[PDB]
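Protein chains in written order, with the working numbering: chain V, 1 to 225; chain U, 1 to 104; chain Y, 1 to 95; chain D, 1 to 55; chain C, 1 to 57. Cβ atoms here follow ideal geometry from the backbone N, Cα and C, with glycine treated the same way. A short worksheet on the structure shown next.
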Amino acid sequence: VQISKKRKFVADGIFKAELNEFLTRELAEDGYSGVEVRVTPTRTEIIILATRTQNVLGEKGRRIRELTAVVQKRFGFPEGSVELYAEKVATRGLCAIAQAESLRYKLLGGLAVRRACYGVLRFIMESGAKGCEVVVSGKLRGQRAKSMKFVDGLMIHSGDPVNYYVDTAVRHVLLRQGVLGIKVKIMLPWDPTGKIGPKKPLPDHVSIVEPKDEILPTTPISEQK
Amino acid sequence: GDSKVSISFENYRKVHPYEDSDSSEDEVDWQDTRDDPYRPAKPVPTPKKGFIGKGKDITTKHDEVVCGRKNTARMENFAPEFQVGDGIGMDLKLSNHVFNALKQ
Amino acid sequence: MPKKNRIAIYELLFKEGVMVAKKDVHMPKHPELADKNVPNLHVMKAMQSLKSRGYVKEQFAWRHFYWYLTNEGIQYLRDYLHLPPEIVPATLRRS
Amino acid sequence: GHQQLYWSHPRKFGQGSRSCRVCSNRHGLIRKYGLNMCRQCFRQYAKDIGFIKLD
Amino acid sequence: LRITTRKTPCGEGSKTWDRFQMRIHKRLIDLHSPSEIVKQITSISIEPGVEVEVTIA
RNA sequence: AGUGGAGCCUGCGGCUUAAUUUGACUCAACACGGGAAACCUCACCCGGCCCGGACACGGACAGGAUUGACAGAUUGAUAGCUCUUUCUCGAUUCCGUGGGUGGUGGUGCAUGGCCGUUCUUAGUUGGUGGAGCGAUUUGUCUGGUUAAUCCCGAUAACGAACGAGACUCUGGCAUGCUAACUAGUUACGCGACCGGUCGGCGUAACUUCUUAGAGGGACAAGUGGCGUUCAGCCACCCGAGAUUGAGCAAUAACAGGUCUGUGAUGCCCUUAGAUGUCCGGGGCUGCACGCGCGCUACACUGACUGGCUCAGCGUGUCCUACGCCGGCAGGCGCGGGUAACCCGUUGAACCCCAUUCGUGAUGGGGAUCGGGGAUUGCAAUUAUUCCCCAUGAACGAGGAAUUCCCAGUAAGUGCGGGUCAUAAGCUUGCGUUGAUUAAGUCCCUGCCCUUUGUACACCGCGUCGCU
Ligand SMILES: [Zn+2]
Numbered sequence: 001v002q003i004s005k006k007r008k009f010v011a012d013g014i015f016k017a018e019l020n021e022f023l024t025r026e027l028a029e030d031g032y033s034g035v036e037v038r039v040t041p042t043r044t045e046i047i048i049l050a051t052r053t054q055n056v057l058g059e060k061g062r063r064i065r066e067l068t069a070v071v072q073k074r075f076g077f078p079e080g081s082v083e084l085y086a087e088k089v090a091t092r093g094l095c096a097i098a099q100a101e102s103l104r105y106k107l108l109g110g111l112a113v114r115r116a117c118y119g120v121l122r123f124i125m126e127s128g129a130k131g132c133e134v135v136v137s138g139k140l141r142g143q144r145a146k147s148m149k150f151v152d153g154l155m156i157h158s159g160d161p162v163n164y165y166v167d168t169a170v171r172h173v174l175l176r177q178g179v180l181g182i183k184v185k186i187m188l189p190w191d192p193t194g195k196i197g198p199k200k201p202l203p204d205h206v207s208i209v210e211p212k213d214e215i216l217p218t219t220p221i222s223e224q225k
Numbered sequence: 001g002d003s004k005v006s007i008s009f010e011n012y013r014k015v016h017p018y019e020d021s022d023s024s025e026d027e028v029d030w031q032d033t034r035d036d037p038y039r040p041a042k043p044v045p046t047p048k049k050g051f052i053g054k055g056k057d058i059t060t061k062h063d064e065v066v067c068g069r070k071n072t073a074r075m076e077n078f079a080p081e082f083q084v085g086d087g088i089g090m091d092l093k094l095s096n097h098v099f100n101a102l103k104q
Numbered sequence: 001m002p003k004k005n006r007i008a009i010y011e012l013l014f015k016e017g018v019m020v021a022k023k024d025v026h027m028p029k030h031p032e033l034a035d036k037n038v039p040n041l042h043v044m045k046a047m048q049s050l051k052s053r054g055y056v057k058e059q060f061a062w063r064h065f066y067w068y069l070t071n072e073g074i075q076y077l078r079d080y081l082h083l084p085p086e087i088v089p090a091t092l093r094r095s
Numbered sequence: 001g002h003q004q005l006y007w008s009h010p011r012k013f014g015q016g017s018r019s020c021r022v023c024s025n026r027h028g029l030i031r032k033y034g035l036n037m038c039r040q041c042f043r044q045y046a047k048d049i050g051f052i053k054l055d
Numbered sequence: 001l002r003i004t005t006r007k008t009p010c011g012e013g014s015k016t017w018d019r020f021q022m023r024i025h026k027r028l029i030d031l032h033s034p035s036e037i038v039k040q041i042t043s044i045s046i047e048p049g050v051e052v053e054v055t056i057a
């Protein structure tokens, strides 16, 4: 007797949600990017993606042990069945999930908003994106809540491409005055995935190969080969 | 440069066995390090004698370069409706004759 | 809360370094403390008594408290249970 | 309260025995397919659970 | 798996709805071979996101 | 087709109430807050219970700090809640000083996020070049063109990018492909009945029906007119389609809603007879009256009864088949199904044939009211529902005004999901039956868009009184 396939796939995604939320909660100040759960009946391998792997590992490898034992104790599945593996992002700048947590830490560290936003902006513009934007909203310079917007490069706001090119990542930062929201929409480029960018191009761009310059006919030549 | 209807130069490309050569794959990461210019200077307390050092390399009080960088950083704390640009990435030595007009 | 529950909670803490809850006061007992009859309200509050003492860290996510052991919190359990120092917790065993 | 009369009411039947697993709120709960998620925290984790608004 | 929900988290708007969907595709492939072959065929081509159920006899 | 004219449900006001939490108030509130509430929900009221006050200081405390407690009194309560009764318990503490926690407690005019609206529009903005000292202007048009600043062509402009389009999902087509014992057909055989029927049984094929993946297919393609004979517009052949329905949705904005969705949240208020937790009961539903959706009808194109006969989404570890007792609601036993395997070939309704009723507030229509029965639940009193007799009332097509809709559309008709221990008059979807008119305008209203002028001028508030 097992769980029905509908509730098997519903309860599988909720496990991927609680673990992701917890790893965000803990490693907000460690450059954590994401979770790749690969299910193996021997041991389920959870690959954590983070910016600096030495911070999440810690000295001697002590921090990930608490993590793997917590996820052993919480989710009910028996011990000796989960294997955590911390790994670096293929492109740290291009991944907006890891990047949007950097600006949160920069604002939390006492920076002026506009300077750190330009820092993140130029870092991800030089990182290789075709276009990006950052919207920080809140009580920036007063009791009146104005909105701040940094746009350069290109953007696709509508159409199926907006599902697999832009990487929307909203985060909340807690300051003395209150709460500021951060949106970082980084559009992925083309050049299919040698660890960078999706395969299919934008569903509008047509590129035309120039012809090979062929030999114009001068004399009918019969060459036996 | 950015057109949708584009041309491809594939036929004129001669030889490309190993396209992913390790020359254009430089890992540029300077944000979390201490090499990013977008970081506070950890300000020194104000000198009382009005200068730092001696001899010919005496760095004075205002010291137009330093004061220009300071005025740029003071621009960074303006109103949200103001637009600045990239004044820290490019070394912007902005003077009080200009900064005071922008502040006004 | 009795001292029997206080010792029963502390025994599990040192050997693993990990301990959770469900944030249910009206829960009858905590499932990890099997055959011990320790209600989870006593577990969560007596464990929270060490949060203000700086021996543990909270990390809350989806109705479930998650905790770790500080290096200074290792020695706080080595004199309560009088565990001699040649035994190690779960942190210092592998690699 | 008193131990014999603190949870004296049974908590098997009635919607007060059902709370969202994220926000512990009990208004607007999706019990279909065993989500047990709030209808307002569902729009937060819809993309992560594997739901795609195709049409 | 179709779940309709209100877009508005307070219920003030113009009654706009989200039709969230999960799509589950099911495949059935049958073999007739001793059980050691199916294990070595399945165990090599392991790909995440696609999962395998094995029923014997 | 209605709504507004009736009845009823629901929501918002007012009136009462101890409380009848709460927000939202032209479109852009009023079956909305997944808000169909027996407790919970629950914020509100009437009363109780507990600290579930972390941590620091000081005092108390081992010659006890205390916890829990049988019996009686009180108590709705084997509420030590308090008293008598004196039994337990080994610092797990207690009292003040500090400050932490918990708030569905205040501010959406302090906020984030989300959502709604201007707008499902028709714009938005650079680069280089020209003109001007400069504000600025051309590009961003005379004209034509389109659902579209969509396009053509003029042209000191040339090229772009976002939006629209493209895209993605769904629907119509494939007798070509892939392959099915968890789908179906044909053949043969076995029967059963009178060469015909079998959803009645098994192996040969097979993919037409059914599944669901690739690929194909439709482009103003071809023809005739119109055309500044460009862009494109009307008509026709062939074709399944000369073309559906949604998702996504730019720049600039709104003191639009939400602290009441969050262990989102800044300033806070309270914090031990608590605005914290839990429990008991009540209330959110109370009714003179008003305002919005929605559902039944006003009968004959109808109602009753019998017979006949066809779906689609799509749930289900609870869904249920089958047998037995009951008039129904229901009850008992034995099964299957964690699922195209079982419910189910989903014998659905409207509709189709026959009987009776024949213009009658009539058997139309069932508001109101009594009695009984069964189920779900600790608890149905405020009828939770469901069932059976009886009661049968307004209502005989609706004033001013007003909503929605162009083709599998409107209407009619039922099924599934959400809410659900108990449940749909709501809503989200789904099939079934299936139309009338028009294919045109600024006449109302609303929104545009171009041109010209363009950064509150003047003549028509008083009389008396003392210091
Ligand atoms: Zn959910």
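Which residues does DSSP pair with residue i in a beta bridge?
{"i": "residue 21 of chain C", "result": "D/52 and C/2"}
{"i": "residue 10 of chain U", "result": "Residue 10 of chain U is not bridged to any residue."}
{"i": "residue 226 of chain V", "result": "Residue 226 of chain V lies beyond the residue range present for chain V, which begins at 1 and ends at 225; the question has no answer from this structure."}
{"i": "residue 41 of chain D", "result": "Answer is none; residue 41 of chain D lacks a bridge partner."}
{"i": "residue 137 of chain V", "result": "V/147 and V/181"}
{"i": "residue 58 of chain Y", "result": "Y/67"}
{"i": "residue 82 of chain V", "result": "V/44"}
{"i": "residue 87 of chain V", "result": "V/49"}
Is it the case that the Cβ atoms of residue i and residue j are separated by a distance below 8 Å?
{"i": "residue 182 of chain V", "j": "residue 108 of chain V", "result": "no"}
{"i": "residue 131 of chain V", "j": "residue 148 of chain V", "result": "no"}
{"i": "residue 9 of chain V", "j": "residue 46 of chain C", "result": "no"}
{"i": "residue 105 of chain V", "j": "residue 26 of chain V", "result": "no"}
{"i": "residue 38 of chain U", "j": "residue 119 of chain V", "result": "yes"}
{"i": "residue 66 of chain V", "j": "residue 88 of chain Y", "result": "no"}
{"i": "residue 51 of chain V", "j": "residue 32 of chain U", "result": "yes"}
{"i": "residue 92 of chain V", "j": "residue 29 of chain U", "result": "yes"}
Less than 8 Å between CB atoms is the rule here; does residue i satisfy it with respect to chain C?
{"i": "residue 39 of chain D", "result": "yes"}
{"i": "residue 6 of chain V", "result": "yes"}
{"i": "residue 9 of chain V", "result": "yes"}
{"i": "residue 162 of chain V", "result": "no"}
{"i": "residue 39 of chain V", "result": "yes"}
Compare the C-beta of residue i with all C-beta atoms of chain V and state if any pair is closer than 8 Å.
{"i": "residue 50 of chain D", "result": "yes"}
{"i": "residue 24 of chain C", "result": "yes"}
{"i": "residue 5 of chain D", "result": "no"}
{"i": "residue 114 of chain Y", "result": "As displayed, chain Y neither begins before 1 nor continues past 95, which places residue 114 of chain Y out of reach and without an answer."}
{"i": "residue 59 of chain Y", "result": "yes"}
{"i": "residue 35 of chain D", "result": "yes"}
{"i": "residue 36 of chain C", "result": "no"}
Under a Cβ-count criterion, where at least 16 other Cβ atoms within 10 Å of its own Cβ denotes burial, should residue i be classed as buried or exposed?
{"i": "residue 75 of chain U", "result": "buried"}
{"i": "residue 114 of chain V", "result": "buried"}
{"i": "residue 72 of chain U", "result": "buried"}
{"i": "residue 206 of chain V", "result": "exposed"}
{"i": "residue 167 of chain V", "result": "buried"}
{"i": "residue 33 of chain V", "result": "buried"}
{"i": "residue 185 of chain V", "result": "buried"}
{"i": "residue 17 of chain C", "result": "exposed"}
Using a Cβ-Cβ cut-off of 8 Å, state whether residue i counts as contacting chain D.
{"i": "residue 6 of chain C", "result": "yes"}
{"i": "residue 16 of chain V", "result": "yes"}
Measuring only between beta-carbons, confirm whether residue i sits less than 8 Å from chain U.
{"i": "residue 66 of chain V", "result": "no"}
{"i": "residue 156 of chain V", "result": "no"}
{"i": "residue 204 of chain V", "result": "yes"}
Beta-carbon of residue i versus every beta-carbon of chain Y: anything under 8 Å?
{"i": "residue 18 of chain D", "result": "no"}
Item to check | Touching by the beta-carbon criterion (3+ pairs, under 8 Å), the region 39-54 of chain Y and the region 11-23 of chain D | outcome: At 8 Å Cβ cutoff, the stretches do not touch.
Checklist entry - Should the region 71-86 of chain Y be regarded as contacting the region 28-38 of chain Y, the criterion being three or more beta carbon pairs within less than 8 Å? => result Put simply, the region 71-86 of chain Y does not touch the region 28-38 of chain Y. Fewer than three CB pairs are less than 8 Å apart.
Next on the checklist: With a threshold of 8 Å, are at least 3 pairs of Cβ atoms found where one atom belongs to the region 4-11 of chain Y and the other to the region 80-99 of chain U?
Outcome noted: Result no; under three Cβ-Cβ pairs closer than 8 Å.
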